[PDB]
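Engineer: Just the first chains of my complex for now:
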Amino acid sequence: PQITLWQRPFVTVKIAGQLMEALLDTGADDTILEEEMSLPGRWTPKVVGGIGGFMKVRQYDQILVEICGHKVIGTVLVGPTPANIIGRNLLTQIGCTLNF
């Protein structure tokens, strides 16, 4: 699909049996999910930086994400983000481009 930007670009996403809306975020290197997200497995501690400073996150590798039905696999970060965010690591896998 082609999506305009008068509304926040939320899509429905399915990760490990859970459903959620997430922001298609061209300004984000990495994908980050809300703190209530429960993902199984090992993870490595990491910290992510943004507007307002830094925040601590769990890094989960090789997670299957279904974004508008497209299946993608990549690293997902979990932590106290205000919004589920799909970053360029996953956006590249769905052939996402900016057009203007």
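Structural biologist: Done, it's in. Numbering: from 1, shown residues only, chains lettered A, B, ... in the order given.
Engineer: Quote the end-to-end distance of stretch A:27-44.
Structural biologist: 23 Å (CA to CA, to the nearest Å).
Engineer: Assign a three-state SS to the spatially closest residue to residue A:49 that is not a sequence neighbour, would you?
Structural biologist: Leaving aside its sequence neighbours, residue A:49 sits nearest to residue A:55 (CB to CB, 6 or more residues apart in numbering; 7.9 Å). To be clear about C-beta, it is placed using only N, CA and C from the backbone, and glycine gets the same treatment. The three-state label given to residue A:55 by DSSP: H, G, I helix; E, B strand; the rest coil is strand.
Engineer: How many residues are close by residue A:55?
Structural biologist: 16 (other CB atoms under 10 Å).
Engineer: Residue A:80 is in contact with that one, correct?
Structural biologist: Yes: with contact defined as CB atoms under 8 Å, residue A:55 reaches residue A:80; the gap is 6.1 Å.
Engineer: ok so, going back, may I have the beta-bridge partners of the residue nearest to residue A:49?
Structural biologist: residue A:48 (DSSP bridges).
Engineer: can you tell me which residues contact it?
Structural biologist: A:47, A:48, A:49, A:79, A:80, A:81 (CB atoms under 8 Å, 6 or more residues apart in numbering).
Engineer: Chain B should go on the structure too:
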Amino acid sequence: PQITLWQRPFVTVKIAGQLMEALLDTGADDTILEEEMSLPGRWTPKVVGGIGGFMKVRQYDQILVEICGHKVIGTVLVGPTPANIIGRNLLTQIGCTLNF
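Structural biologist: Chain B, in position alongside the others:
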């Protein structure tokens, strides 16, 4: 142009005679510029929220921004952001879409 997302989507912008690179940022409602940007005129205090918390910014209305040569006008926020950010308030004015 059509732009892929294997690299951060920076464009060259020109704002009140100054040049800078700014991130085309679909996850941003608002446009924000680095703390050293000098904009003339009055402004109103505002605070912006993100990953890591909140930050204080100056809100300047009706600023002329030249983005890849498109002329647009909108509210620009200035404050201690780690990256110049073009948000959907200006992205909609350059006919910017997401495509996948």
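Engineer: again for the contacts of residue A:55, since chain B is there now?
Structural biologist: For residue A:55, the contact set (CB atoms under 8 Å, 6 or more residues apart in numbering or on different chains) comprises A:47, A:48, A:49, A:79, A:80, A:81, B:51, B:52.
Engineer: got it, and residue A:28?
Structural biologist: Here residue A:28 is in contact with A:85, A:86, A:87, A:88, B:27 (CB under 8 Å, 6+ apart).
Engineer: Write the PyMOL selection for whichever of those are buried.
Structural biologist: To isolate the buried ones among those in PyMOL, judged by 16 or more other CB atoms under 10 Å in any protein chain shown, type:
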select buried, (chain A and resi 85+86+87+88) or (chain B and resi 27)
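Engineer: give me every residue that touches residue A:62.
Structural biologist: A:73, A:74, A:75.
Engineer: In the helix or strand hosting the last one, which residues are buried?
Structural biologist: Translated: residue A:75. According to DSSP states H and E, residue A:75 maps onto strand A:70-78. Using 16+ other CB under 10 Å as the test for burial, strand A:70-78 gives A:72, A:74, A:75, A:76, A:77, A:78.
Engineer: close enough to count as contact, the fifth one and residue A:57?
Structural biologist: Yes: with contacts defined as CB under 8 Å, residue A:77 counts as touching residue A:57 at a distance of 4.3 Å.
Engineer: Now do the shared contacts for those two.
Structural biologist: Joint contacts of residue A:77 and residue A:57 (CB under 8 Å, 6+ apart) are A:32, A:46, A:48.
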